[PDB]
Structures are given as C-alpha cells and as structure tokens.
Protein chains: 2
Amino acid sequence: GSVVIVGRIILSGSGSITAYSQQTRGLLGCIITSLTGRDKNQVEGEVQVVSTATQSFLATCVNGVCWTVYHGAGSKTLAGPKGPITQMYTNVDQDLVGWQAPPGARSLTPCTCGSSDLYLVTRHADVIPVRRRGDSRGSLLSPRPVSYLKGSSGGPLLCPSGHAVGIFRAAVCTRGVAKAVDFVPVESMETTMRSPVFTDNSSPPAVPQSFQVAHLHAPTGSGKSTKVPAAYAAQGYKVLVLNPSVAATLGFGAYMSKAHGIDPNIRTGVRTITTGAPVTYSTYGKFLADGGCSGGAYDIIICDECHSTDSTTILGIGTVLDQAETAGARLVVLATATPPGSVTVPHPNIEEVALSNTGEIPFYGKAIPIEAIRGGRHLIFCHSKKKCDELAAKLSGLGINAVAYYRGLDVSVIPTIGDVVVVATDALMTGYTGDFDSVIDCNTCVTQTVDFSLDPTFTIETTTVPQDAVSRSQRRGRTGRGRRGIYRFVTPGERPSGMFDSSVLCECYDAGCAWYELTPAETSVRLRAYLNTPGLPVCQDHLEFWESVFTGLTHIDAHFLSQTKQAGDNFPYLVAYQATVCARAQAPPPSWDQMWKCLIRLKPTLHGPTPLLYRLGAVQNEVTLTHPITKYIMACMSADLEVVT
Amino acid sequence: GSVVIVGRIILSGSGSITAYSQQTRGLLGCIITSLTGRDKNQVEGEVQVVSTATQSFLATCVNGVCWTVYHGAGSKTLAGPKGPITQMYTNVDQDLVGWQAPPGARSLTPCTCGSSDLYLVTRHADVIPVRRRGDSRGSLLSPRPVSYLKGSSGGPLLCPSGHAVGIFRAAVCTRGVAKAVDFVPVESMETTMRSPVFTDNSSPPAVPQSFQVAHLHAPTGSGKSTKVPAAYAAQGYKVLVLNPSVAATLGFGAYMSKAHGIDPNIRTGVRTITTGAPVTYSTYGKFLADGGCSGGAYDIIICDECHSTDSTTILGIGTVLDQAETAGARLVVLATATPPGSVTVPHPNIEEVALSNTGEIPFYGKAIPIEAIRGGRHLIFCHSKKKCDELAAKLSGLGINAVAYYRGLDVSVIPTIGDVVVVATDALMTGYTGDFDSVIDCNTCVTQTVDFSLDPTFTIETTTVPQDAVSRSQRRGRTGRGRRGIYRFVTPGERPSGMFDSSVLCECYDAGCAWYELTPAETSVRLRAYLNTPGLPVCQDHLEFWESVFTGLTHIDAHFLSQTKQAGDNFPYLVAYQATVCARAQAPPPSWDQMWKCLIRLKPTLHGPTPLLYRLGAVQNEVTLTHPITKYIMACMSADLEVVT
Ligand SMILES: [Zn+2]
Ligand SMILES: [Zn+2]
C-alpha cells in the first residue's frame, strides 16, 4: 500500500503568508491508488495533503524532494505516474522520509535568513505563528489543544520570507494543550540527503583502536551470533553475546561446540554454565540481573537482535551502551537482520499463500483446509492465549495432533519429533527453537499503549493490532531454513517497524524497580544512552515523566511485589504498588479480576472507595482522588510531554 | 451509499451456542459495493457483519427480514443482487430498521421457550451470557469495558435453543464499564411485521372528541403554518401555532391578516400583540417564558418545525405534551416537512450541481467560479462565523457585494432584492425569511457532543460534522421556492435525521435553570413527556443523570448568570456556575477564552489553580479537584448511563 496525494495546501508569498486547501482525491480514488501505486494526477504546489488508508497527514517538497515523517509514512512507496516511487531517503532517527519529487512538483527553498519568527502551515490551511526557541523547537504564540495540530505532521515551518525552516513532527503538551512544536530542521534534511547510502555493514566490524559502537546488518543465518564471535575469539578477544531468547541462548552451547569447537559460558535465569571460555552467551535479562557490565570482562559485546522492542532488551542494550566503555570494551556491535526501516521481501525458498474462505477450519475470518495441516509439522500463530486454546481444541477434536503454547506452559508441551500442529503466541520465540514445514500467521498482535487520560492520571491499554515488518518476518521465519517452506496468511499488510510506545519505557522502570534493584534515576541513565544511540528502534522521549512517576512509588510491600513477580504479569511493580496503597487503607482494589489476586485473601475486610493510582484495566469499583500518592502522580502529569501529530 | 455485507458470524447448530466469523469482503470491495448498491455475492447465514463507509456493525435476519439499528444504518439501502434494497421498516423510536432479506439469507425465528438465560453474539464472534431482566434489558454475568461491545449493534440476543429474543442496540454503563445491555425485543419486530408499511400523515387531522396527539408531515409551503391553522380557526377553534424562529413567527401573523383574514395574537420576546383573534402565533421560547399552557386558552396547539432538535424547541414541545390535555386542548399537531428517518430527495424547482476544483473562490477544498454569483442574489452556507467574515471579505475584494451573517448581528441583509451574496451560518433560518436564485452549501455544520470522560467529570466538545438530511433540505430549501433555483454543494452525502445528542438534554436543563425558573425536577417531567412521545427526534435517556448534576448547582451568582444569558453563548448556566465557584475562591477561570469574559475585569485579583467542575473547552490553567461541587458532580458520574454500541 502506497501513500497517496489527496489534496494540497496552496500558499501565498505575496503580502502576508496565507493558505488554502484544495482536495483532489476521493476515498475510493485514495484506496484504488493506494493499492496500485499508480497515480496519474499531477502534483502541484509544495505542500501535499497525503493519506494511507488508515491515517492522513502532510508532505512538503523542498529541494527536489517531497518529505514527510517516518511515523506517518513508514517505509511505504509513494503513488506515482509510472508506478510506486520507492523512498529515496529514510532516517528513522530523524523521523524523516523522502521521495524524488514528481514532475509537477514546485518544491520550496531552504531559509537562509535565520529568522526566529516562524509560521506553521496546518492541514486546514491554517497559518499559526511560532517563535523559534531551538534548532528544532518552537513555541506557539497561542496554546492550542493537540487535537487541532493532529493530522498536520509533515507540514512546513516557514520563515517570514516564505522559505522552509523545517517540517512539523510533534507537539509539546501540558495536560493535553499544545504549547510548543517539534520539527525536523531543514539542515537535518541536507545531512540526510548527503548521507552515504547503499551502506553495507554486513561484515564484522574490525575492533577499533578506541571505543566505538558498530552496527552489523546481515540476513538471518549469516552467522552474526556464532561465526562472527568465533572469528573474534580466534583473534584473541573475549566476547559477550547478548540474546533475548532463553531457548536460543541455551542452544548456542551444543551448536558452538560442534561448529566451532568453542565451549562457551551460558547465562540464563534458569541455568548458567561457566566453562571459563573466552566467549559468553547471555540473555539481556540475565545480563541485567548479573548487574550489567563487569569491569575488564570483555573486549567485545555483541547485542544480538537489537531490533527487539521488549523492555528487557531495551534496558539491557541501554546498560551495555552506558557502561561498556568504562568497563573496558573496545567494541559494542548492534546486530540484526531487520534494522529500523526494514520491510519484508520475498524469500527464495518460502512459498507465501494467502488463506481463502474455503477450508474446514475457521481462522480469523478465513479458513484453513485440513489437508494443509494433517500430517507434518505446522505452526499456527495466534494473537492470544484464548485463541490458542480454542484452536488447539478444535483441531484435537478433529483428530489432528494439536498442542497450544504460550507464556506459562512448559515448552515440554511441544513435541520435537513427529506430526504436530503447534498453536502459539509470540511467546514461542523465547521458549522454543525449532522450524516447521509451514506457518500460518493471523497477522495480528496484542500491544500496550499509554494514554495520558488524566482520569485521574494515565492509562495503559491493551489492544490487538496489525503486525509490523519484524513481527511478520520473525513469524514467517519459522519455516524455510534449509527446507522448502509454506507461509499462509490472513492479510498481506504489514505496519512500519523500528518504533515502540512509551508504555515500553514505563515497563523498563517497572522492571528496573521490580527485578533489578535499579532506582528510577539509574534506569534513566541507561534508557538515555539507548535513546542517544542512532540505528536503534525509536520512541518518544518520556524519560523524565516516567522517572518522576516511579520516583514517588516508595515503600512498596515486599509480599505483594513477590506475588506479582511470581505471577509473571506485565507491570508487577505498579500493580503491586496500587495493591499496597489499597491495603494501607482497607480500600478494595480497582476491581476483583485476575490482575488483583494478590489481595483476594483480604476480600472480606476490604471496602470503601479504592484510591486509584493509575488505570491498568477496568475499574469496576468507585474511586477517590484524595490519596497523597495519587496527587503526586497527578502533579507528575503537568510535565512537558511530546506527542506525535 | 448503501450498507454492504462484508462478512458474517456463523452459529453452531447444536450443543452449546458457539460462533465463528467469515470475512467475505475487503475494504475496496466494500466501498465499491456501497456506491453501486449492487452486491452479487451470495448471502449465507443469519448474522451479517455490515458496514457503511465510516462504521461497521451487525445485522440479523429474523423471519425473512434483515434487521439492524437505526443509529448505524440510518435510512440507507442494503446492497443487493438486483441493486439497492430499500428499507421495508424504519422505526426510529425502537432504533430498528429492516430490509426484506436478499436471497441466500437464512433466518433466526422467535424464541418460544421464554428462557431467562440469554446469549449475546458480538462481531468478534464471542458469545456472552446475559441474564434477562426486562422485555428489553439484560445483565452481563461479567461486566466488561464498553469498547468490547462496540460494533456489535444489530447483533442478536439468543435463548439457549438459539432462537431470537431481541437485537442488541446499547449498553448500560457505570463509569465506562458495561454491566447490562439494552435490546429491541423480538415481539416488537413481530408486531412491526404485522402492521402497515405505509402510514398516512399527509393531511391535517379532524379535531377529536378528546385530547389527541397527531403528526402532520407535509411539504414546505403547504400552509402547515398558515393554511391549516386558518382552516381550524375558520371552523371555530382557538389555535396556537408554535415556531422555532422569531423571524418566521412575526412573518405569519403579518401574513394571516393580509392573506387569510384576521390579525392573530403575536408573542415573541421582541414583539407581543394581543388582538383577541382565535389564532396566536408564538415562538417556543416565548411560550416557555409565559409558563406554558394556560387553562382553557386553546383547543389546538400546533408545534411547527417539530423536527428541530435545538433545546428551546424540545423543551417547548415537551411542555406542550406534558400540559395540553390538562389545559383543555383537544389536539396537538406535531408538524414538519422532514420527520425522523426522512431523507432528502429531488426538488423539481432546484437544479443541483456539484462543485469542482475549477473556480476562483476557494470553498471547502473545492472552488466557486465568480460567474455563478456575479449577478443576482445568493446564499452561501458556512460552518463558522469566522469563515463568513473571511469569504464576505475575499468576495468583496473580487468586487462582489457580499455580507456575512450570524448570531450577534441584526438582519442587515439587503432584502431590497438588490444584488447580493449573503455568506451565512445556520442562524440564517432564525433571523431571515427570503429565498434566493442559488444556494451554495459547504455541507458541514458544527455540533456539540458530550463525553463522559471522567477527567474529573464530563466534557462537552464542539466539533464540525457532515450535515444530516434536515440540514441539507433546509439549506437547499432557501432556493427554488416557487421559481427555478440552483443548489451547489461540496459533497453528496447526508447523515441520518432524527437523532440528537445527550448534550442537548444538558442544554435543556441549563435553559430551564437560566431562563425559565424551572427546577431540574420540573425540567425532567417535561423532557420525559417529550421522550415518551413517538414520532419525535430521539436521544438517549440520560434524564436522571442530568437532573442530578444541575440539582447540585445551587447559589449561582445572579450577576454572572445575567451576563452569560445576555451574551447569547451556549451554556449560560454552566459557564456562569463555573465562573461563580472560581470568583468565590479568588481563582482564575479554566482559560482566558472569550467564554470566560465575565471574569476578565477580575484578572488582577485571580490567582491559583481553578477548581474545575467540568470541561467546556480547553483548560490552560492548573486545576484542583477538591471543591465540593466537583466531588458531587463526580459522584453523579456513577449513574447508569446507556450508550449506543
Ligand atoms: Zn528565511
Ligand atoms: Zn427459547
């Protein structure tokens, strides 16, 4: 699906800067064009109004290039006269993307006066004034609800001479009111246009004379976590390789032994082996538990799957980036086969076949012919545990050897040999190594996002959404390795990779607080190192906010914590902490669902209005906003929060 | 566009009731089938997933008819194999519409067992247990967040035998958590199927022996407001004719005398004339101001333009309905050219032409060629008053003699039939009566909707939305009146007529309190008569909730209330009440918007956070939630509130 031009914002440089919009495409025209990538319409003007079938935003032409934000456009092609125009430039680090301007493009020219008085052209052809306060920041002379600014990202920031100063990126809010705007300065575009680009870093960086962070992008199975570290060790260095799967980490032992005659150290929360070898294999979690970097222990640290966006991986990489040099490493390598900006492409030996409506097994609105999974080894990804159990039972009743697997079940349930259909969630990646004759992908995932609702503080939501490129490549990747494979899907879509939500940041502080004895202040130092490093997944910078919130959650109750940790829930700390507040006031929990079992015992002694701390789910009980901690987090909501538009 | 079937939910034929979905159509296929109304796919099953170009919901075939909610389907045709299928049934009061089922459709049949154990089927093919609690109400064994039920409107409530009990239409929530569901009972549908498809309401009713409420649906210029009251008078009865506009009200009395014989009584805030005639023309507002129905004063009360959902008309009509019988009337005629569920159709006198991108004056993403408006008289409808101030300016600049019109200005329009272009807001209808050579409609308007956002209480948002049919008809009706006319539009669409938001009820309590010295309880009785009476615009029954919040708003500052009433703004009472708590705490208003101008002169003395009661717009100052009124209004948020799904 390409992005398509659906209109434009026409500006005037005569007299004062004024604008007006002119819609040119309809919804049916927008969808057909989006699907074909073939747009015959003639672009005109510098500011284009664009849409993606899901979202709509602005696109502004400057120096031959039509630019817009990565968060809105992803890595999509632009609909063009002769077909889809693939992107000329892509800078996820700058939230910046470009395409070669179409014949009818006028473009803008970069400002050269250095005027701090700016005008932002919004999608409703509104021109609102802004005073530059930074190289990439400006304050609105008149605060406005964010809502007003949404849908205008990608729009220009102009100087009085009507020249381009930058493109609108994000809004800086205070209790939801936009006070300043965030933009990609035109200079970041020059640099971006000059950036060296076919950039091949598919080879093991040479360890430098002085500390350096290097990237290593190589296809899956190119030996980034085995062949590479082995070669490094032959040269005399001590190597630490970090991975997010407990299963994979354990697996490197036998494999390394046989393929490289190296008997590595293995470190996981379930098992560690210290051989004394010069190569160590560890999970980010276990690395975080060991206390992070040990001085003088390693010359090279290879962060495998550095595109992974779970909190443990980000905190873990953040730790490596913050302390690796001071502990004596010369080289930190960030390796992945799918860096930020990746799109899934055809696999030579994997046949991709769309699932139709015929077949005896219903699957997300489509069907699975039983002939495709009777006999053989097949893997079926579902977005939830409920689904996994439902499907595994449907199949079992049909006589097909089916088994479900997800967080909590022992991998023991998956048989390693013989016919089976495995019904699983993404938990499968850390729990199981193994390939399949085929994989069927529902193409959806469950994700969490923070909503700064002010009812009374914030909310962490759980919704099921369209998988992104790395998800689809990891799922499809369980077939096709050294064997011919089949990948069947519900939908062909794929959302842009390389981005993650602020709730993942919140999870880092929770993990730092519940497992790693990390104070909110040390967690920030590490997350900051992560955010300051280019080439890694990106997210809004809400470190201060998140740190301020957890900083106030003092004297949790060990017993509750213990139980929320044992349970293996998503935010053991925040849950355990709400629970403790409830207890120090005989107040019942926000509700009585699974999430609050750690209080269950006392159900009969608990009543009154639960003093709500934040919203972690349905609040069936009445609530009170008077508790001191609740007021504190309430005050934490007045912080400056940058949110995308 | 028609409604198209894009999937279906398949139910089990035995055992416990279970379900699965089948997705039969994708996005582009749906937008195409919607535009052509031609859907050749073959239908299967009873529960269909259906969709418009903006929403998706469910539809259920019971006894050969495919039913769904009016709040989803409006009066839309159903895409079928021979072309669009028109609605066979349209009950805006029960929120039920029905189309004769297309070939391929199977049907559910009424439940004969009378079980109280029910089952609701959702669009995600989930089967939720419900305990029956009334003929149209049920309790969820497990309360769930409202979001879970959304998109399930039109779905069936099934009995253990899988037979139909009702069709789901709304959830009853408590602070956003659904604890029960509302549904149309199957016996109403059966009644609907035993009754007439066509009903005559085209002619003025004869006066009955005893009090009767009747509907009059006749075209504009049918004498609804002139000829029919004249005839009743001409035959001995005392008739009161109520209208929403003072300009239309004054116009009639002036016309009846010089066209039908005698000088009526005229009652408006601006002009009152007692003549002693048996025909009185009043405004709903003056009628309200006078206290309502005076005993034995009229035999007939005609509520003209009863389709009107502004607050003064609803309060006006609910007052007549609650008092006419005891005041001795024998008849109440609810008259309108566009009743609930109506749809804009061709007018023989009006040529309708869709605007394009070619033209000189930019207009809502489109343009208007000055040639269309160079000579003659024309009316352009704009969503805001600012856009009028804009156009009338650019228009004049092009040398065109234009004049912007909206609330606050006096009829400064040139009726002198002297060449002109009046750029107007909807206020036109209440202030001016003339017709024009042509009418240009932006096709959008500005509405208010309430959000039970709990931050800390509720929010009333102002947003611009596509016009509905009443609006189209009325805006278009300002041309072609007994002479050729031209109707130019930016868009073809049309949202369904007959429904209004809960924030309008809030406006009624506001007005009851600010203008008519009505206690909230008294307002409730009148609104209840309105709600209970059929054939009128519908709304969710949030009567008890609204009554309770206004019941707590006591000891308002007489002076602030007085300035807001005069200023003409929308919630005089809520605005003056919020200003009252602020001023007494020596705190600033939520923002320094115009809405809060009655505090502007107190600005030097106002300091601190504002004790926020509710949200009427952007809150830029810090806020405290300690004030007793805020706490009281917060407690009111725990009422059972029914919201559509
Ligand atoms: Zn400049
Ligand atoms: Zn039954």
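Below, each value reflects all heavy atoms present in this structure, side chains not excepted, and no hydrogens, waters or symmetry copies. In the text below, chain A, chain B and the rest are named by the order of the sequence lines, each starting its count at 1. Whatever order the structure lists ligands and atoms in, that order sets their numbers, starting from 1.
In this structure, the side chains of B:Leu96 and B:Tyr89 stay at 4.5 Å or more apart for every pair of heavy atoms. Contact of the B:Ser136 side chain with the B:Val184 side chain is not registered, since no non-hydrogen atoms from C-beta on lie closer than 4.5 Å. Considering only heavy atoms from C-beta on, B:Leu11 comes within 4.5 Å of B:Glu46 through its side chain. In this structure the side chain of B:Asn63 reaches within 4.5 angstrom of the side chain of B:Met193, judged on heavy atoms.
Separating the CZ atom in B:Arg123 from the CG atom in B:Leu58 is a distance of 5.5 Å, to the nearest 0.5 Å. Note that OG of A:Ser188 is 10.0 Å distant from CD1 of A:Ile167, once rounded to the nearest 0.5 Å.
Inside a sphere of radius 2.8 Å centred on the Zn ion (ligand 2), the protein N/O/S atoms present are B:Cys111 SG, B:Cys113 SG, B:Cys159 SG.
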